Protein chains: 2
Amino acid sequence: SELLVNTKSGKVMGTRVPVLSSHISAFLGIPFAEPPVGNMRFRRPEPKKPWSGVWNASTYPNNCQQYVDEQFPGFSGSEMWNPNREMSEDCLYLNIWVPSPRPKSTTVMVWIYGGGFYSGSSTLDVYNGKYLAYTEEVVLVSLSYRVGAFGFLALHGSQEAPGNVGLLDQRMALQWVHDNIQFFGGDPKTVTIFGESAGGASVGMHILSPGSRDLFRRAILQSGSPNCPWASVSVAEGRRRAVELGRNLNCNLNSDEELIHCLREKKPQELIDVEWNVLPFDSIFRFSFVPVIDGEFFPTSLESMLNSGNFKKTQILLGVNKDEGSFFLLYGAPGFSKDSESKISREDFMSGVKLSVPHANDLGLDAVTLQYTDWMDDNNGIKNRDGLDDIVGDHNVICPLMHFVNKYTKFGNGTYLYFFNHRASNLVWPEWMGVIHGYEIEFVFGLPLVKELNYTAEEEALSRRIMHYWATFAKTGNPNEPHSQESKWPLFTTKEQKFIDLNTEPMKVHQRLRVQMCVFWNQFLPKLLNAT
Amino acid sequence: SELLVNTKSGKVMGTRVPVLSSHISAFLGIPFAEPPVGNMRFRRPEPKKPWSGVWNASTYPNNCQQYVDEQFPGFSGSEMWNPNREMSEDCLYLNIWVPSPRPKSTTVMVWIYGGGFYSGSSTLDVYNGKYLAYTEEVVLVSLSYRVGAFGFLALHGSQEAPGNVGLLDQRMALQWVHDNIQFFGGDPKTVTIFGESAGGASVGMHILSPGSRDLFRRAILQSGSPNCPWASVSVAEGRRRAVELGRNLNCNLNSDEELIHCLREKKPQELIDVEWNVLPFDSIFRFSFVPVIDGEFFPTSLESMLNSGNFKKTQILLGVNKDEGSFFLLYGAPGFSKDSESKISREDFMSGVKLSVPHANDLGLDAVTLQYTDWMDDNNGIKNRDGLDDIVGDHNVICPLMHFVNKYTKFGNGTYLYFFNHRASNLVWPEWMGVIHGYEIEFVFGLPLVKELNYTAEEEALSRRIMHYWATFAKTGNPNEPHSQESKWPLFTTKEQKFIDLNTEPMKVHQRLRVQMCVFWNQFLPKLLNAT
Ligand SMILES: *[C@@H]1O[C@H](CO)[C@@H](O[C@@H]2O[C@H](CO)[C@@H](O[C@@H]3O[C@H](CO)[C@@H](O)[C@H](O[C@H]4O[C@H](CO)[C@@H](O)[C@H](O)[C@@H]4O[C@H]4O[C@H](CO)[C@@H](O)[C@H](O)[C@@H]4O)[C@@H]3O)[C@H](O)[C@H]2NC(C)=O)[C@H](O)[C@H]1NC(C)=O
Ligand SMILES: *[C@@H]1O[C@H](CO)[C@@H](O[C@@H]2O[C@H](CO)[C@@H](O[C@@H]3O[C@H](CO)[C@@H](O)[C@H](O[C@H]4O[C@H](CO)[C@@H](O)[C@H](O)[C@@H]4O)[C@@H]3O)[C@H](O)[C@H]2NC(C)=O)[C@H](O)[C@H]1NC(C)=O
Ligand SMILES: *[C@@H]1O[C@H](CO[C@@H]2O[C@@H](C)[C@@H](O)[C@@H](O)[C@@H]2O)[C@@H](O)[C@H](O)[C@H]1NC(C)=O
Ligand SMILES: CN(C)c1ccc2nc3ccc(N(C)C)cc3[s+]c2c1
Ligand SMILES: CN(C)c1ccc2nc3ccc(N(C)C)cc3[s+]c2c1
């Protein structure tokens, strides 16, 4: 039977799922590790013990324990990202969509969800892999990994809570795929890992980390890169936050063992309830428990690894959306609300700058303010709003990615860069938020092919074009068809720095993506903060 | 006789001069002080001893001793600014042009020449006051003052060389005009002082200095303001430069008396020959012997005087040219030459930035570089050239003036601001230099009315318009005619910051003259240099 596959861990039975008037196979909720519960909370994951009999892989697994956004109850724009399954610490599972009839040895794509390392689920409607698997004839995997304190509490020096264990979850799923995807018709020497935001940062982290490099062929990073200011902390800052978490829960803090034992006695929701209290600064686009620069998963600082070419050398395809910042200004920055145009005063602009660059002295804040203010028209509430939007996007996503891109391309085997700037016609978020963080994903996963979801024909065409770029890149290391009528997505090079836009209009090639702003963020501002 | 005038210092006899097919009177080379020679070198000026008989005022006086530009021998563009009379330390004279028939009590305008406080002459062709006096029916005075070490060598604490004596020369000429211009038909309660560059800075200095305020009614500043980075030094820096001058001439340096006595034994050309050796930095737009912040002429720092409203409160009319910097890049900055388009490489751009902001650390230099570089096209030699041109103009002229303007207008009785951006059709300098420092002067003095000089009809009209604005402002405190068909030159206000352009095209009102750049120069950069 086509729904029965014998793996090295045991037999799994999948389910036939309908998709655009046809069908494919799905193997949902396959375990790749032992449940990380009890004394295993905060520990590195263990490989799943093989089972006899047949694992029922007909339904989605639990989602990992996480903070649940209730800022807009009932609102699809926000709840679309929340867990849609029961939350559990028993959450280390992966999902596989397989074309029918079963391929012999085809391109594999492994999805890594985002959510700021504090949230995320493999099971979101918007991550349904059936449309991509069916349309591009690829084996689509989605993995899971622990988030929040559960995945990233870091007490460096301790083996009970070393940090980075959520990244190790990801690596174990990748190990599992590497070892077993052949039985589902996947080619394990042609695996592309891809992810958005924290998932994109995660992808770049597996490129960097020696222990992950051998488990995949190439990579796609969407609106995220490993050097993002929010995506990692030092061992000292990780340690401080873990101790602050313990302090919030009345833990004994005399030793790592005392602290960890206390944190393991707590119910998951007790940890989640105080998780946001441990940030060092009043800030936006900052998350409590994230990867840690430990000297193990990351042998040295990310920047020294990038400058010295200490990373997997392969092909990468990556890019950003036009208005990455807007989500994070809505959730915390004064003057921004969901149901107004959010025209920002000078004062709220200043407050927004302070929140956007929490690690900066007054001179730094002035520098940012100068750089993003039109002084011919400084009381224009639209310009202040959009300027803040750009600050948050440039600092947290675009400029870190452009730094990564430029560093990677010196040593890599091929870079393809995109700027996604189409606002979906059926967006429920207000116009001022623009092309929002995470809203290219639905095009990547092919949702505009479903008529019931109210996309335009032009949007269907954009989704097909993106899916085919992604899958063709996964298969060959080049998103362009060997012989096509379409104009080419050009290679990104050190010299010419070319990229394309992704939208419903005819494709255009541009150069030097937001270079003026990114020289400020990547070269001037750091040098300024280091000097004062 | 119309050419004979009795003053409080004695009788003067002038000469009839032709002007645009008519005639007016001229009283040239009238002494307003004792010759500052011998033991009087470096001293404050003494009032001229009254004379019996008739002073022959038929010819121009000597020019003050100064460095003579020989960078382009034979070239009118440069030599037009050099001394056209014999140079002498005996040079404290003023010139008066008087309408015919002699007025009873009319508007007086007193011209103060520029030249970086190291050069300048009252007698230049381009300062011939006859066209302005004749056309606008004003009594036009031009004064002189000591320049270089002779006018500004400063050993604070000493009464033999206190500094600022060139400014005191100017003040004495203004005292003389105040006391005697009535006999030439001038109204001494309606005297406007005006000047360009160091002359404009000088005008603003007489506005600030308590001892000069009462000697004039209103002021016009052209491409200069008292707070310009090149226009003053501290007492300590003045002292250091004077000692360095002595060191260059093998002087005894054990005391102020020893140093000063040595400097007085030297011929004027010996001082001039080493004058440029005492600058502290490799720089452009910096001059050796300039006014000094002494606590006497200037009671406190210029900035504290400006913030507290410690200055003459009256009407001011002032402005700048489009390409103030180009002259100073030609004379020293690598990559710039007179007979090429002077396309600048990145490396020469960097060198130019270093020379333009000599007082800046590397972070400061980076900040300037970032601010004036198009990072989409950073190897464009035209953009690098023009960017450097703007750096030099913004830093040295426009932004200091805009700071002065904004500070003055809070307390003043009326501000009128202009941006002069017409390139003369008969300019001998190359196109890349644009609208050059000092090339509005010829329009102010009415030279385009002379057919032989090869100006266009449109340029004649621009000159008449400028002369009439200047003279009407001098007369009334407002450049606009009570009832005119022309559209108004609007008042400059704190709120709206309006100004006009001056060119052959129809006049347009603009706002916030180069505000983006001047926020950088006036607020950000100083704060940056103070912090590191
Ligand atoms: C594609 O586009 C189509 C067409 O635009 C969309 O189709 C429609 O979708 C909306 C849903 O947003 C639907 O609106 C409902 O209509 C009902 C019938 O008139 C209303 O009764 C209902 O109101 C309830 O929900 C609102 C919140 O959404 C509340 O504000 C309101 O108070 C009502 O709440 C009631 O709910 C509880 C629980 O039942 C009840 O006990 C209480 O009494 C309470 O009052 C909605 O307004 C449209 O009618 C649909 N239109 C058409 C033509 O089909 C479709 O959604 C789009 N598809 C996608 C995928 O986006
Ligand atoms: C990604 O990596 C692949 C594989 O590493 C890489 O493909 C390789 O490109 C190089 C070009 O630099 C090829 O090297 C050439 O091979 C031929 C035939 O074997 C030689 O004759 C060539 O030597 C001549 O030309 C040189 C200039 O390139 C001269 O310096 C020399 O004097 C000779 O005249 C040259 O060595 C190599 O064959 C391919 N390999 C494969 C398997 O295709 C690809 O370019 C990389 N892509 C990116 C975007 O980085
Ligand atoms: C496999 O599982 C299917 C659905 O799984 C279910 O989930 C658990 C938690 C219970 O709620 C259970 O009642 C559900 O059935 C079944 O529909 C299917 O029959 C199962 N097949 C086999 C062979 O076990
Ligand atoms: C969905 N997005 C983008 C975001 C962005 C920032 C955020 N910051 C918070 C800070 C505190 C907090 N508490 C419950 C204390 C909850 C949240 S939720 C949240 C959601
Ligand atoms: C006419 N203009 C704008 C300028 C500008 C700057 C200048 N710098 C100099 C420096 C040294 C020097 N020496 C003779 C040593 C002569 C000059 S001349 C000179 C003329």
# chains A, B, ... in the order shown; residues from 1 in each chain; ligands from 1
$ residues_around --residues "residue 192 of chain B" --least-positions-apart "4" --cutoff "9 Å" --atoms "only C-alpha atoms" --output "ChimeraX atom specification"
/B:107-111,216-220,473-475
$ residues_around --residues "segment 79-91 of chain A" --least-positions-apart "4" --cutoff "10 Å" --atoms "only C-alpha atoms" --output "PyMOL selection string"
chain A and resi 29+31-38+41+60-75+114-115+119-126+144-146+150+268+438
$ closest_residue --among "A:53, A:238, A:195, A:291" --to "residue 4 of chain A" --atoms "only C-alpha atoms"
A:53
$ closest_residue --among "A:500, A:376, A:318, A:278" --to "chain B" --atoms "only C-alpha atoms"
A:376
$ residues_near_ligand --ligand "ligand 2" --cutoff "12 Å" --atoms "only C-alpha atoms and all ligand atoms" --output "PyMOL selection string"
chain A and resi 313-316+408-416+476-478+490-494
$ write_last_selection --atoms "N, CA and C atoms" --output "PDB file, in the first residue's frame"
ATOM      1  N   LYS A 313      29.221  25.836   2.278  1.00  0.00           N
ATOM      2  CA  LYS A 313      29.287  26.527   0.997  1.00  0.00           C
ATOM      3  C   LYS A 313      28.404  25.833  -0.028  1.00  0.00           C
ATOM      4  N   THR A 314      27.286  26.472  -0.351  1.00  0.00           N
ATOM      5  CA  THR A 314      26.303  25.902  -1.257  1.00  0.00           C
ATOM      6  C   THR A 314      25.536  27.039  -1.947  1.00  0.00           C
ATOM      7  N   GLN A 315      24.346  26.755  -2.469  1.00  0.00           N
ATOM      8  CA  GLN A 315      23.503  27.792  -3.057  1.00  0.00           C
ATOM      9  C   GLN A 315      22.471  28.214  -2.034  1.00  0.00           C
ATOM     10  N   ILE A 316      22.186  29.511  -1.981  1.00  0.00           N
ATOM     11  CA  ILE A 316      21.126  30.025  -1.131  1.00  0.00           C
ATOM     12  C   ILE A 316      20.212  30.936  -1.936  1.00  0.00           C
ATOM     13  N   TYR A 408      28.065  35.933   2.749  1.00  0.00           N
ATOM     14  CA  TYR A 408      27.936  34.563   2.257  1.00  0.00           C
ATOM     15  C   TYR A 408      28.436  34.439   0.825  1.00  0.00           C
ATOM     16  N   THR A 409      28.096  35.429   0.009  1.00  0.00           N
ATOM     17  CA  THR A 409      28.345  35.392  -1.427  1.00  0.00           C
ATOM     18  C   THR A 409      29.837  35.361  -1.799  1.00  0.00           C
ATOM     19  N   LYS A 410      30.708  35.897  -0.947  1.00  0.00           N
ATOM     20  CA  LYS A 410      32.157  35.789  -1.171  1.00  0.00           C
ATOM     21  C   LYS A 410      32.620  34.330  -1.250  1.00  0.00           C
ATOM     22  N   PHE A 411      32.043  33.470  -0.410  1.00  0.00           N
ATOM     23  CA  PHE A 411      32.451  32.060  -0.314  1.00  0.00           C
ATOM     24  C   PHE A 411      31.455  31.059  -0.911  1.00  0.00           C
ATOM     25  N   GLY A 412      30.199  31.465  -1.073  1.00  0.00           N
ATOM     26  CA  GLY A 412      29.141  30.554  -1.501  1.00  0.00           C
ATOM     27  C   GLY A 412      29.221  30.126  -2.954  1.00  0.00           C
ATOM     28  N   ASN A 413      28.303  29.254  -3.351  1.00  0.00           N
ATOM     29  CA  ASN A 413      28.258  28.731  -4.709  1.00  0.00           C
ATOM     30  C   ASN A 413      27.093  29.277  -5.541  1.00  0.00           C
ATOM     31  N   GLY A 414      26.418  30.312  -5.046  1.00  0.00           N
ATOM     32  CA  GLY A 414      25.319  30.918  -5.791  1.00  0.00           C
ATOM     33  C   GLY A 414      24.260  31.501  -4.881  1.00  0.00           C
ATOM     34  N   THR A 415      23.975  32.781  -5.075  1.00  0.00           N
ATOM     35  CA  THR A 415      23.005  33.492  -4.266  1.00  0.00           C
ATOM     36  C   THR A 415      21.920  34.060  -5.172  1.00  0.00           C
ATOM     37  N   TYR A 416      20.663  33.901  -4.762  1.00  0.00           N
ATOM     38  CA  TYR A 416      19.537  34.530  -5.452  1.00  0.00           C
ATOM     39  C   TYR A 416      18.693  35.304  -4.445  1.00  0.00           C
ATOM     40  N   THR A 476      17.747  22.071  -8.376  1.00  0.00           N
ATOM     41  CA  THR A 476      18.926  22.319  -9.219  1.00  0.00           C
ATOM     42  C   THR A 476      19.964  23.280  -8.649  1.00  0.00           C
ATOM     43  N   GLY A 477      19.601  24.049  -7.625  1.00  0.00           N
ATOM     44  CA  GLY A 477      20.425  25.174  -7.161  1.00  0.00           C
ATOM     45  C   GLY A 477      20.261  26.453  -7.979  1.00  0.00           C
ATOM     46  N   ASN A 478      19.234  26.491  -8.831  1.00  0.00           N
ATOM     47  CA  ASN A 478      18.939  27.633  -9.702  1.00  0.00           C
ATOM     48  C   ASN A 478      17.417  27.713  -9.885  1.00  0.00           C
ATOM     49  N   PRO A 490      18.311  36.939 -12.030  1.00  0.00           N
ATOM     50  CA  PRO A 490      19.762  36.879 -12.130  1.00  0.00           C
ATOM     51  C   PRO A 490      20.429  36.487 -10.819  1.00  0.00           C
ATOM     52  N   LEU A 491      21.593  35.871 -10.942  1.00  0.00           N
ATOM     53  CA  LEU A 491      22.461  35.569  -9.817  1.00  0.00           C
ATOM     54  C   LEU A 491      22.853  36.862  -9.075  1.00  0.00           C
ATOM     55  N   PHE A 492      22.862  36.809  -7.741  1.00  0.00           N
ATOM     56  CA  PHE A 492      23.371  37.908  -6.917  1.00  0.00           C
ATOM     57  C   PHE A 492      24.887  37.771  -6.797  1.00  0.00           C
ATOM     58  N   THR A 493      25.614  38.821  -7.162  1.00  0.00           N
ATOM     59  CA  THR A 493      27.073  38.815  -7.094  1.00  0.00           C
ATOM     60  C   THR A 493      27.576  39.970  -6.250  1.00  0.00           C
ATOM     61  N   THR A 494      28.805  39.827  -5.764  1.00  0.00           N
ATOM     62  CA  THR A 494      29.473  40.864  -4.989  1.00  0.00           C
ATOM     63  C   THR A 494      29.526  42.170  -5.776  1.00  0.00           C
TER      64      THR A 494
END
$ select_by_dssp --residues "segment 288-469 of chain A" --states "strand (DSSP E)" --output "ChimeraX atom specification"
/A:315-321,414-420
$ write_last_selection --atoms "N, CA, C and O atoms" --output "PDB file, in the first residue's frame"
ATOM      1  N   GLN A 315      24.346  26.755  -2.469  1.00  0.00           N
ATOM      2  CA  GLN A 315      23.503  27.792  -3.057  1.00  0.00           C
ATOM      3  C   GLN A 315      22.471  28.214  -2.034  1.00  0.00           C
ATOM      4  O   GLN A 315      21.945  27.379  -1.303  1.00  0.00           O
ATOM      5  N   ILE A 316      22.186  29.511  -1.981  1.00  0.00           N
ATOM      6  CA  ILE A 316      21.126  30.025  -1.131  1.00  0.00           C
ATOM      7  C   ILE A 316      20.212  30.936  -1.936  1.00  0.00           C
ATOM      8  O   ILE A 316      20.656  31.637  -2.850  1.00  0.00           O
ATOM      9  N   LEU A 317      18.931  30.893  -1.587  1.00  0.00           N
ATOM     10  CA  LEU A 317      17.926  31.767  -2.149  1.00  0.00           C
ATOM     11  C   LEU A 317      17.225  32.422  -0.965  1.00  0.00           C
ATOM     12  O   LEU A 317      16.801  31.739  -0.042  1.00  0.00           O
ATOM     13  N   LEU A 318      17.115  33.742  -0.978  1.00  0.00           N
ATOM     14  CA  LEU A 318      16.626  34.457   0.199  1.00  0.00           C
ATOM     15  C   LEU A 318      16.108  35.845  -0.137  1.00  0.00           C
ATOM     16  O   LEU A 318      16.360  36.380  -1.216  1.00  0.00           O
ATOM     17  N   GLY A 319      15.367  36.424   0.797  1.00  0.00           N
ATOM     18  CA  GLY A 319      14.792  37.733   0.568  1.00  0.00           C
ATOM     19  C   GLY A 319      13.926  38.235   1.695  1.00  0.00           C
ATOM     20  O   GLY A 319      13.859  37.629   2.765  1.00  0.00           O
ATOM     21  N   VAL A 320      13.255  39.350   1.422  1.00  0.00           N
ATOM     22  CA  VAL A 320      12.525  40.103   2.429  1.00  0.00           C
ATOM     23  C   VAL A 320      11.233  40.676   1.867  1.00  0.00           C
ATOM     24  O   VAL A 320      11.056  40.754   0.657  1.00  0.00           O
ATOM     25  N   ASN A 321      10.338  41.072   2.765  1.00  0.00           N
ATOM     26  CA  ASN A 321       9.129  41.797   2.398  1.00  0.00           C
ATOM     27  C   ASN A 321       9.315  43.298   2.604  1.00  0.00           C
ATOM     28  O   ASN A 321      10.192  43.727   3.348  1.00  0.00           O
ATOM     29  N   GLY A 414      26.418  30.312  -5.046  1.00  0.00           N
ATOM     30  CA  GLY A 414      25.319  30.918  -5.791  1.00  0.00           C
ATOM     31  C   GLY A 414      24.260  31.501  -4.881  1.00  0.00           C
ATOM     32  O   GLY A 414      23.714  30.809  -4.025  1.00  0.00           O
ATOM     33  N   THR A 415      23.975  32.781  -5.075  1.00  0.00           N
ATOM     34  CA  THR A 415      23.005  33.492  -4.266  1.00  0.00           C
ATOM     35  C   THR A 415      21.920  34.060  -5.172  1.00  0.00           C
ATOM     36  O   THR A 415      22.223  34.615  -6.231  1.00  0.00           O
ATOM     37  N   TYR A 416      20.663  33.901  -4.762  1.00  0.00           N
ATOM     38  CA  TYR A 416      19.537  34.530  -5.452  1.00  0.00           C
ATOM     39  C   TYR A 416      18.693  35.304  -4.445  1.00  0.00           C
ATOM     40  O   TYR A 416      18.206  34.737  -3.468  1.00  0.00           O
ATOM     41  N   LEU A 417      18.537  36.607  -4.690  1.00  0.00           N
ATOM     42  CA  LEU A 417      17.915  37.525  -3.728  1.00  0.00           C
ATOM     43  C   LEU A 417      16.588  38.085  -4.260  1.00  0.00           C
ATOM     44  O   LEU A 417      16.485  38.426  -5.440  1.00  0.00           O
ATOM     45  N   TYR A 418      15.580  38.169  -3.391  1.00  0.00           N
ATOM     46  CA  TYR A 418      14.274  38.718  -3.774  1.00  0.00           C
ATOM     47  C   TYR A 418      13.767  39.798  -2.811  1.00  0.00           C
ATOM     48  O   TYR A 418      14.113  39.818  -1.621  1.00  0.00           O
ATOM     49  N   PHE A 419      12.926  40.679  -3.350  1.00  0.00           N
ATOM     50  CA  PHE A 419      12.194  41.673  -2.577  1.00  0.00           C
ATOM     51  C   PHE A 419      10.705  41.476  -2.890  1.00  0.00           C
ATOM     52  O   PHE A 419      10.242  41.810  -3.986  1.00  0.00           O
ATOM     53  N   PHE A 420       9.975  40.908  -1.931  1.00  0.00           N
ATOM     54  CA  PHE A 420       8.559  40.601  -2.096  1.00  0.00           C
ATOM     55  C   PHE A 420       7.724  41.810  -1.692  1.00  0.00           C
ATOM     56  O   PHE A 420       7.713  42.183  -0.521  1.00  0.00           O
TER      57      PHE A 420
END
$ residues_near_ligand --ligand "ligand 1" --cutoff "10 Å" --atoms "only C-alpha atoms and all ligand atoms" --output "mmCIF file with N, CA and C atoms, in the first residue's frame"
data_model
loop_
_atom_site.group_PDB
_atom_site.id
_atom_site.type_symbol
_atom_site.label_atom_id
_atom_site.label_comp_id
_atom_site.auth_asym_id
_atom_site.auth_seq_id
_atom_site.Cartn_x
_atom_site.Cartn_y
_atom_site.Cartn_z
ATOM 1 N N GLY A 74 -10.687 36.498 18.212
ATOM 2 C CA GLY A 74 -11.597 36.312 17.083
ATOM 3 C C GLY A 74 -11.075 36.774 15.728
ATOM 4 N N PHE A 75 -9.959 37.501 15.717
ATOM 5 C CA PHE A 75 -9.457 38.130 14.501
ATOM 6 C C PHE A 75 -8.538 37.159 13.778
ATOM 7 N N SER A 76 -8.896 36.815 12.547
ATOM 8 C CA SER A 76 -8.171 35.797 11.786
ATOM 9 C C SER A 76 -6.721 36.191 11.513
ATOM 10 N N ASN A 426 -6.838 40.183 -0.215
ATOM 11 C CA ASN A 426 -7.762 39.706 0.816
ATOM 12 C C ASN A 426 -7.213 39.860 2.246
ATOM 13 N N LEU A 427 -6.215 40.731 2.419
ATOM 14 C CA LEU A 427 -5.635 40.982 3.742
ATOM 15 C C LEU A 427 -6.654 41.629 4.673
ATOM 16 N N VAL A 428 -6.709 41.136 5.908
ATOM 17 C CA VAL A 428 -7.636 41.662 6.916
ATOM 18 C C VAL A 428 -6.990 42.744 7.782
ATOM 19 N N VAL A 450 -6.297 27.886 -4.236
ATOM 20 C CA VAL A 450 -7.610 27.525 -3.708
ATOM 21 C C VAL A 450 -8.593 28.677 -3.957
ATOM 22 N N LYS A 451 -9.581 28.441 -4.818
ATOM 23 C CA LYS A 451 -10.571 29.465 -5.182
ATOM 24 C C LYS A 451 -11.346 30.022 -3.981
ATOM 25 N N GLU A 452 -11.680 29.155 -3.028
ATOM 26 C CA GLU A 452 -12.500 29.532 -1.868
ATOM 27 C C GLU A 452 -11.875 30.627 -0.997
ATOM 28 N N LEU A 453 -10.560 30.821 -1.108
ATOM 29 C CA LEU A 453 -9.853 31.800 -0.285
ATOM 30 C C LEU A 453 -9.828 33.235 -0.843
ATOM 31 N N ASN A 454 -10.481 33.472 -1.979
ATOM 32 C CA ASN A 454 -10.726 34.838 -2.482
ATOM 33 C C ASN A 454 -9.493 35.605 -3.002
ATOM 34 N N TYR A 455 -8.472 34.902 -3.492
ATOM 35 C CA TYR A 455 -7.358 35.576 -4.175
ATOM 36 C C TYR A 455 -7.743 35.886 -5.622
#
$ interface_residues --of "chain A" --to "chain B" --cutoff "10 Å" --atoms "only C-alpha atoms" --output "ChimeraX atom specification"
/A:362-364,366-367,370-371,373-377,511-520,523-525,527-528,530-532
$ residues_near_ligand --ligand "ligand 4" --cutoff "8 Å" --atoms "only C-alpha atoms and all ligand atoms" --output "MDAnalysis selection string"
chainID A and resid 67:69 71 78 115 273:277 284:287 327:328 330:332
$ residues_near_ligand --ligand "ligand 3" --cutoff "10 Å" --atoms "only C-alpha atoms and all ligand atoms" --output "list in words"
residues 13, 14, 15, 54, 55, 56, 57, 58, 59, 60 and 61 of chain A
$ write_last_selection --atoms "C-alpha atoms" --output "CSV table (one decimal), in the first residue's frame"
chain,number,residue,atom,x,y,z
A,13,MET,CA,0.7,4.6,8.1
A,14,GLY,CA,-0.3,7.8,6.4
A,15,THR,CA,-3.6,9.1,4.9
A,54,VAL,CA,2.3,0.6,12.8
A,55,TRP,CA,2.5,4.2,13.8
A,56,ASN,CA,-0.8,6.0,13.0
A,57,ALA,CA,0.3,9.1,11.1
A,58,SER,CA,-3.2,10.1,9.9
A,59,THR,CA,-3.5,13.3,12.1
A,60,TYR,CA,-1.5,16.4,13.0
A,61,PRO,CA,0.5,16.2,16.3
$ select_by_dssp --residues "segment 329-464 of chain B" --states "helix (DSSP H, G or I)" --output "ChimeraX atom specification"
/B:329-330,346-356,362-371,381-411,431-433,441-444,447-449,451-453,457-464
